[PDB]
(Lines of atoms letter the chains of each structure in order from A and count residues from 1; the text may use other names and numbers.)
(Lines give C-alpha, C1' and ligand atoms only; values in the text may rest on other atoms or scores of the structure.)
Protein backbone atom coordinates (compact mmCIF):
# COMPACT_ATOMS: atom_id res chain seq x y z
CA UNK A 1 0.00 0.00 0.00
CA UNK A 2 0.97 3.64 0.51
CA UNK A 3 0.91 3.27 4.28
CA UNK A 4 4.34 1.60 4.02
CA UNK A 5 7.82 3.05 3.72
CA UNK A 6 8.58 0.52 0.97
CA UNK A 7 6.12 2.13 -1.44
CA UNK A 8 8.90 4.68 -1.88
CA UNK A 9 11.28 2.31 -3.69
CA UNK A 10 8.75 0.25 -5.63
CA UNK A 11 5.78 0.48 -7.97
CA UNK A 12 2.57 -1.08 -6.70
CA UNK A 13 0.26 -0.59 -9.67
CA UNK A 14 -3.15 0.86 -8.73
CA UNK A 15 -5.59 -0.56 -11.29
CA UNK A 16 -5.77 -3.71 -13.39
CA UNK A 17 -4.46 -3.56 -16.95
CA UNK A 18 -1.22 -4.10 -18.85
CA UNK A 19 2.32 -2.75 -18.42
CA UNK A 20 3.75 -0.51 -21.13
CA UNK A 21 7.47 0.30 -20.96
CA UNK A 22 9.17 2.91 -23.13
CA UNK A 23 12.86 3.61 -23.73
CA UNK A 24 13.62 0.42 -21.87
CA UNK A 25 16.86 -1.53 -21.98
CA UNK A 26 16.99 -4.66 -19.88
CA UNK A 27 19.02 -7.78 -19.21
CA UNK A 28 18.45 -10.97 -17.19
CA UNK A 29 21.08 -11.43 -14.47
CA UNK A 30 22.30 -14.65 -12.88
CA UNK A 31 19.56 -14.39 -10.28
CA UNK A 32 16.98 -14.65 -13.03
CA UNK A 33 15.95 -11.03 -12.48
CA UNK A 34 15.02 -8.73 -15.35
CA UNK A 35 17.22 -5.69 -14.75
CA UNK A 36 16.64 -2.22 -16.18
CA UNK A 37 19.87 -0.99 -17.77
CA UNK A 38 18.59 2.32 -19.14
CA UNK A 39 18.37 5.66 -17.31
CA UNK A 40 15.20 6.99 -18.96
CA UNK A 41 12.73 4.13 -18.49
CA UNK A 42 9.10 4.94 -17.79
CA UNK A 43 6.47 2.41 -16.75
CA UNK A 44 2.81 2.97 -17.57
CA UNK A 45 -0.37 1.11 -16.69
CA UNK A 46 -2.66 0.79 -19.73
CA UNK A 47 -6.37 -0.03 -19.29
CA UNK A 48 -8.35 -2.42 -21.53
CA UNK A 49 -8.80 0.36 -24.08
CA UNK A 50 -5.13 1.18 -24.53
CA UNK A 51 -5.46 4.28 -22.36
CA UNK A 52 -2.76 5.34 -19.89
CA UNK A 53 -3.98 5.55 -16.30
CA UNK A 54 -0.70 5.52 -14.40
CA UNK A 55 2.83 6.61 -15.24
CA UNK A 56 6.03 6.07 -13.28
CA UNK A 57 9.73 6.76 -13.66
CA UNK A 58 11.78 3.61 -13.17
CA UNK A 59 15.38 3.95 -11.90
CA UNK A 60 18.46 2.39 -13.48
CA UNK A 61 19.04 -1.06 -11.98
CA UNK A 62 15.45 -1.67 -10.89
CA UNK A 63 14.17 -5.21 -11.14
CA UNK A 64 11.05 -5.67 -13.30
CA UNK A 65 8.62 -8.30 -12.05
CA UNK A 66 7.19 -8.61 -15.56
CA UNK A 67 8.26 -7.65 -19.05
CA UNK A 68 6.65 -5.11 -21.37
CA UNK A 69 3.02 -5.71 -22.25
CA UNK A 70 2.36 -8.19 -19.46
CA UNK A 71 -1.09 -8.13 -17.85
CA UNK A 72 -1.40 -7.18 -14.17
CA UNK A 73 -3.95 -6.78 -11.37
CA UNK A 74 -4.46 -3.80 -9.11
CA UNK A 75 -2.32 -3.80 -5.99
CA UNK A 76 0.33 -5.92 -7.70
CA UNK A 77 3.99 -4.81 -7.35
CA UNK A 78 5.74 -4.61 -10.73
CA UNK A 79 9.10 -2.97 -10.01
CA UNK A 80 11.45 -2.92 -7.05
CA UNK A 81 14.74 -1.17 -6.25
CA UNK A 82 17.15 0.09 -3.58
CA UNK A 83 16.32 3.74 -2.89
CA UNK A 84 19.37 4.54 -0.74
CA UNK A 85 21.87 3.13 -3.19
CA UNK A 86 23.03 3.46 -6.81
CA UNK A 87 24.19 0.26 -8.57
CA UNK A 88 27.28 -0.41 -10.69
CA UNK A 89 26.20 -3.17 -13.07
CA UNK A 90 28.39 -5.28 -15.32
CA UNK A 91 27.51 -5.20 -18.99
CA UNK A 92 29.21 -8.53 -19.63
CA UNK A 93 29.48 -12.04 -18.26
CA UNK A 94 32.65 -13.66 -17.00
CA UNK A 95 34.54 -13.59 -13.72
CA UNK A 96 35.36 -10.75 -11.37
CA UNK A 97 39.03 -9.83 -11.16
CA UNK A 98 40.17 -7.39 -8.51
CA UNK A 99 42.74 -4.76 -9.53
CA UNK A 100 44.15 -2.24 -7.06
CA UNK A 101 41.80 -3.55 -4.34
CA UNK A 102 44.18 -3.63 -1.37
CA UNK A 103 43.00 -4.14 2.22
CA UNK A 104 43.78 -1.08 4.35
CA UNK A 105 44.98 0.90 1.32
CA UNK A 106 41.99 1.16 -1.03
CA UNK A 107 39.40 -1.07 0.60
CA UNK A 108 38.43 -2.39 3.98
CA UNK A 109 36.04 -5.09 5.14
CA UNK A 110 32.95 -4.04 7.07
CA UNK A 111 30.88 -6.56 9.00
CA UNK A 112 27.18 -6.26 9.77
CA UNK A 113 26.79 -6.61 13.55
CA UNK A 114 23.40 -8.32 13.13
CA UNK A 115 23.81 -10.81 10.28
CA UNK A 116 27.52 -11.46 10.58
CA UNK A 117 27.78 -11.04 6.81
CA UNK A 118 30.43 -8.67 5.47
CA UNK A 119 31.24 -6.48 2.48
CA UNK A 120 34.40 -4.94 1.10
CA UNK A 121 34.02 -1.16 1.02
CA UNK A 122 36.17 1.16 -1.07
CA UNK A 123 37.91 3.86 0.99
CA UNK A 124 37.32 7.45 -0.17
CA UNK A 125 40.27 9.77 -0.90
CA UNK A 126 40.56 10.86 2.73
CA UNK A 127 40.43 7.43 4.40
CA UNK A 128 43.16 6.38 1.97
CA UNK A 129 46.81 6.15 2.86
CA UNK A 130 49.41 8.14 0.92
CA UNK A 131 50.53 5.09 -0.99
CA UNK A 132 46.97 4.29 -2.01
CA UNK A 133 45.99 7.82 -3.06
CA UNK A 134 47.06 7.24 -6.67
CA UNK A 135 45.63 3.74 -7.06
CA UNK A 136 42.29 3.26 -8.79
CA UNK A 137 40.39 0.18 -7.45
CA UNK A 138 38.39 -1.62 -10.11
CA UNK A 139 36.59 -4.81 -11.06
CA UNK A 140 37.91 -6.18 -14.33
CA UNK A 141 35.87 -8.86 -16.07
CA UNK A 142 37.84 -11.82 -17.40
CA UNK A 143 36.76 -15.17 -18.79
CA UNK A 144 37.41 -18.75 -17.73
CA UNK A 145 40.93 -18.56 -19.20
CA UNK A 146 41.72 -15.28 -17.46
CA UNK A 147 41.59 -13.31 -20.71
CA UNK A 148 39.83 -9.98 -21.09
CA UNK A 149 36.18 -9.60 -22.01
CA UNK A 150 35.50 -6.64 -24.27
CA UNK A 151 32.61 -4.25 -23.90
CA UNK A 152 30.20 -5.13 -26.78
CA UNK A 153 31.68 -4.08 -30.11
CA UNK A 154 34.88 -2.31 -29.03
CA UNK A 155 38.52 -2.85 -28.03
CA UNK A 156 37.61 -1.70 -24.51
CA UNK A 157 38.28 -4.53 -22.04
CA UNK A 158 35.47 -4.44 -19.46
CA UNK A 159 36.76 -2.89 -16.24
CA UNK A 160 34.63 -1.10 -13.67
CA UNK A 161 36.44 1.43 -11.49
CA UNK A 162 34.84 1.83 -8.06
CA UNK A 163 34.26 5.18 -6.33
CA UNK A 164 34.91 5.79 -2.64
CA UNK A 165 32.41 4.13 -0.28
CA UNK A 166 31.15 1.75 -2.97
CA UNK A 167 30.03 -1.52 -1.37
CA UNK A 168 31.26 -4.57 -3.27
CA UNK A 169 28.63 -7.25 -3.94
CA UNK A 170 30.80 -9.76 -5.82
CA UNK A 171 34.33 -10.60 -4.74
CA UNK A 172 37.51 -11.78 -6.49
CA UNK A 173 37.03 -14.68 -8.90
CA UNK A 174 33.25 -14.89 -8.48
CA UNK A 175 31.37 -15.96 -11.62
CA UNK A 176 29.02 -13.32 -13.01
CA UNK A 177 26.49 -12.81 -15.74
CA UNK A 178 25.67 -9.62 -17.60
CA UNK A 179 23.20 -7.67 -15.50
CA UNK A 180 24.74 -8.61 -12.14
CA UNK A 181 25.39 -5.80 -9.69
CA UNK A 182 29.12 -5.46 -9.01
CA UNK A 183 28.80 -2.84 -6.30
CA UNK A 184 26.48 -0.33 -4.67
CA UNK A 185 27.21 3.35 -4.09
CA UNK A 186 25.80 4.73 -0.80
CA UNK A 187 24.12 8.13 -0.63
CA UNK A 188 25.35 11.29 1.03
CA UNK A 189 23.63 11.63 4.43
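Residue numbers count along the first chain shown, from 1.
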Legend entry - Higher-B stretch (mean Cα B-factor, as the entry records it), 89 to 97 or 110 to 118: 110 to 118
Legend entry - Given 40 to 48 and 23 to 31, the range whose Cα B-factors average higher in the PDB entry: 40 to 48
Legend entry - Residue with maximal Cα B-factor (values as given in the PDB entry) among 142, 156, 62, 65: 156
Inset, instruction - Going by the recorded CA B-factors, say which third of the chain residue 135 sits in, lowest, middle or highest. - result: middle
Inset, instruction - Please rank the C-alpha B-factors of the chain's modelled residues and tell me whether residue 105 sits in the lowest, middle or highest third. - result: lowest
Inset, instruction - Would you please rank residue 162 by its C-alpha temperature factor against the other modelled residues of its chain and give the third it falls in: lowest, middle or highest? - result: lowest
